[PDB]
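A.B. asks: Once you've seen the sequence and the experimental structure below, I've got questions.
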Number of protein chains: 2
Amino acid sequence: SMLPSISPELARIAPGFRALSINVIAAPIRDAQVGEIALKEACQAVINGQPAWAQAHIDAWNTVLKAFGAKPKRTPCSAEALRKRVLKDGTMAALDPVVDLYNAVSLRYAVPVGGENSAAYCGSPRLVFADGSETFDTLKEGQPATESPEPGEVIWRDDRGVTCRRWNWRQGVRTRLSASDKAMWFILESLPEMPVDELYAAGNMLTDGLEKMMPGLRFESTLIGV
Amino acid sequence: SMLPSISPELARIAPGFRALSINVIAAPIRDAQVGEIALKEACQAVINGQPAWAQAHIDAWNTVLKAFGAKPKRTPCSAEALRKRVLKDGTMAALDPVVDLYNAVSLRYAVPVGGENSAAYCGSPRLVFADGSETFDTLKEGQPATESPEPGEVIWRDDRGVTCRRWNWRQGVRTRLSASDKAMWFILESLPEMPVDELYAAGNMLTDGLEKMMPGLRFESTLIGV
């Protein structure tokens, strides 16, 4: 299992940050439409203006992003990127039943949600300030590419290198999640502007959908923070 | 570090089961009244008809018990065991300050709560379907006895044998918790009919109480589920 750690230095810019770290052992898919349906209903919820804390939570993330030098309009947190696409098109496209499910959670609860193949990790995830020498494997023009984060940028990383740039802006390719992964790691990331009871409810939507999708699936969820 | 595991097959009879697993390293008891006050106030709360989800949760647990062959009228879950006694007898007898506090959590939040001496475990706890050959050290009319669970009975067990029969109906003698224990394991077991934010609230009542009773105590909390 994966035991994430957060550098105490992050309290300088994001005091009161809290996240659910959820380790999953998957099972064969038996209800493949779970993700599609949750996503369709999440898009309507957003179009209907839900949830109530969305603007305050997104604003709080944008303050955080600015605090480590990022331009949030150009490189938004994952929650805002999804919300803007739903409010521009009225819907969002399928990709994979598990990705659709966790994007649906992110939309319904206005909360950044990451999902990764935990078998691809070397060591445990850590949330730290980057020094600019780290490697990040990504896509430049649809093909594999490598780049480095900015000095002082907040990153998730393992022993090899960066696994998510600018806190929750862009996941790397190496640890990308697929519905056929035998071992998954999700991180649902929040600031005080989101009520902690709603974070618990987002995690409960996620694990319920995963279990309906894959009967026999098991999870371990831990509240972490700085 | 007790690392409980649960069998994938439990999803077939208790889809959406989730339990808060709390590992505790005790400290000296500086305020032994913590358990006694919590239990009195919890009995009062049950008399007033709290909490809202009690009926639905106990009903769902009875559904799960019948699904593996038990007679909940003869062998209720531990939460209804306590609730029935308070409603029938107006109060509940003190036993031990740590036992009193965790029974109070069960009463106030209408959730089965197990408390055990983790130093008495041989290996790690596991939640499995019994095959009927395991052994279980219990009491018959006050006097020590050995039983075996039914084939298909859901049990908590360790390397030696059963530590709780019929999921959360009756703990064994071997791993009974006492206030003087140096290492303690609590399991607060819930079904979807209990709102998950109230399960976290129950956990916080328990760890806030333990921290007041034993300043300097350490704990780690993990939500596990199927």
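C.D. replies: Happy to help now that I have it. Residues are numbered from 1 along each chain as shown, chains lettered A, B, ... in the order given.
A.B. asks: which stretches of chain A form helices?
C.D. replies: For chain A, the helices defined by DSSP state H occupy A:34-47, A:54-67, A:78-89, A:97-109, A:196-213.
A.B. asks: can you list the ones you listed in JSON lines and add distance to residue B:193 and mean neighbour count?
C.D. replies: Just so you know, the C-beta spots here come from the backbone N, C-alpha and C atoms, and that holds for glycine as well. JSON lines is the format used below for the helices of chain A (distance: least, CB to CB, whole Å; neighbours: other CB atoms under 10 Å in any protein chain shown):
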{"stretch": "helix A:34-47", "distance to residue B:193": "21", "mean neighbour count": "19"}
{"stretch": "helix A:54-67", "distance to residue B:193": "29", "mean neighbour count": "18"}
{"stretch": "helix A:78-89", "distance to residue B:193": "30", "mean neighbour count": "17"}
{"stretch": "helix A:97-109", "distance to residue B:193": "21", "mean neighbour count": "25"}
{"stretch": "helix A:196-213", "distance to residue B:193": "13", "mean neighbour count": "21"}
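A.B. asks: can you put those in TSV and add distance to residue B:37?
C.D. replies: Shown next, in TSV, are the helices of chain A (distance: least, CB to CB, whole Å):
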stretch	distance to residue B:37
helix A:34-47	43
helix A:54-67	37
helix A:78-89	42
helix A:97-109	36
helix A:196-213	26
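A.B. asks: my read: residue A:136 touches residue A:172, true?
C.D. replies: Yes: contact criterion CB atoms under 8 Å: residue A:136 and residue A:172 qualify, at 5.6 Å.
A.B. asks: Quick one: closest of the helices of chain A to residue A:148.
C.D. replies: helix A:54-67 (18.2 Å; CB to CB).
A.B. asks: picking that back up, tell me the residues that contact both of residue A:136 and residue A:172, please.
C.D. replies: A:162, A:165 (CB atoms under 8 Å, 6 or more residues apart in numbering or on different chains).
A.B. asks: tell me which parts of chain A are close to chain B?
C.D. replies: Counting by CB under 8 Å from any CB of the partner chain, chain A comes close to chain B at A:27, A:197, A:200-201, A:203-204, A:207-208, A:211-212, A:215-223.
A.B. asks: The residue of chain A found nearest chain B: how many residues sit nearby?
C.D. replies: Proximity of chain A to chain B (CB to the nearest CB) peaks at residue A:216, 3.5 Å away. Using other CB atoms under 10 Å in any protein chain shown, residue A:216 is surrounded by 18 other residues.
A.B. asks: which ones are touching it?
C.D. replies: With contact taken as CB under 8 Å, 6+ apart, residue A:216 is in contact with A:27-28, B:8-9, B:11-12, B:226.
A.B. asks: list the contacts for residue A:67?
C.D. replies: The neighbours of residue A:67, taking CB under 8 Å, 6+ apart as the test, are A:13-14.
A.B. asks: Over to residue A:123?
C.D. replies: Counting by CB under 8 Å, 6+ apart, residue A:123 makes contact with A:158-160.
A.B. asks: Which members of the residues you listed are classed as buried?
C.D. replies: Among these, those scoring as buried are A:158, A:160 (criterion: 16 or more other CB atoms under 10 Å in any protein chain shown).
A.B. asks: Chain neighbours aside, what residue packs nearest to the residue of chain A most remote from its centre?
C.D. replies: Distance from the C-alpha centroid of chain A peaks at residue A:30, with 24.5 Å (CA atoms, centre = their mean). Nearest non-adjacent residue to residue A:30, counting by CB to CB, 6 or more residues apart in numbering or on different chains: residue A:215, 5.4 Å away.
A.B. asks: What of residue A:173?
C.D. replies: Nearest non-adjacent residue to residue A:173, counting by CB to CB, 6+ apart: residue A:137, 5.0 Å away.
A.B. asks: what about the one you found, how many residues close to it?
C.D. replies: When counting by other CB under 10 Å, one arrives at 17 neighbours for residue A:137.
A.B. asks: isn't it right up against residue A:160?
C.D. replies: No: counting by CB under 8 Å, residue A:137 does not reach residue A:160; the two are 9.0 Å apart.
A.B. asks: if we look at stretch A:32-47, which residues are touching it?
C.D. replies: Looking at what lies outside stretch A:32-47 - CB under 8 Å, 6+ apart - the contacts are A:51, A:54, A:83, A:86-87, A:90-92, A:94, A:96-101, A:103-105, A:107-108, A:205, A:209, A:212-213.
A.B. asks: cool, stretch A:86-100 as well?
C.D. replies: With CB under 8 Å, 6+ apart as the test, stretch A:86-100 has contacts from A:29, A:32-36, A:38-40, A:43, A:46-47, A:82, A:85, A:103, A:107, A:115, A:177-179, A:184, A:210, A:213.
A.B. asks: hmm, back to that, list residues touching both of residue A:137 and residue A:160?
C.D. replies: Residues touching both residue A:137 and residue A:160 by CB under 8 Å, 6+ apart: residue A:174.
A.B. asks: ok, now how distant is the residue of chain A closest to chain B from residue B:9?
C.D. replies: From residue A:216 over to residue B:9 the distance is 7 Å, taken as CB to CB, to the nearest Å.
A.B. asks: next one: residue A:178
C.D. replies: 25 Å.
A.B. asks: same deal with residue A:44?
C.D. replies: Applying CB to CB, the value for residue A:44 to residue B:9 is 36 Å.
A.B. asks: now residue A:7
C.D. replies: Using CB to CB, one gets 40 Å for the distance from residue A:7 to residue B:9.
A.B. asks: Next: residue A:175.
C.D. replies: Counting by CB to CB, the gap from residue A:175 to residue B:9 is 30 Å.
A.B. asks: Which one of the two is surrounded by more residues?
C.D. replies: Legend: neighbour count by other CB under 10 Å for residue A:175 and residue B:9, higher for residue A:175 (24 against 14).
A.B. asks: residues touching the more buried one, list them.
C.D. replies: Residue A:175 sits next to A:116-118, A:120-121, A:158, A:163 when contact means CB under 8 Å, 6+ apart.
A.B. asks: Farthest-apart pair in these, please.
C.D. replies: Farthest-apart pair in these is A:117 and A:158; separation 11.8 Å (CB to CB).
A.B. asks: my guess is residue A:113 meets residue A:206, correct?
C.D. replies: Yes: assessed by CB under 8 Å, residue A:113 is found in contact with residue A:206 at 7.3 Å.
A.B. asks: hey, what's in contact with both of these two?
C.D. replies: Both residue A:113 and residue A:206 are contacted by A:102, A:105, A:186, A:188, under the criterion CB under 8 Å, 6+ apart.
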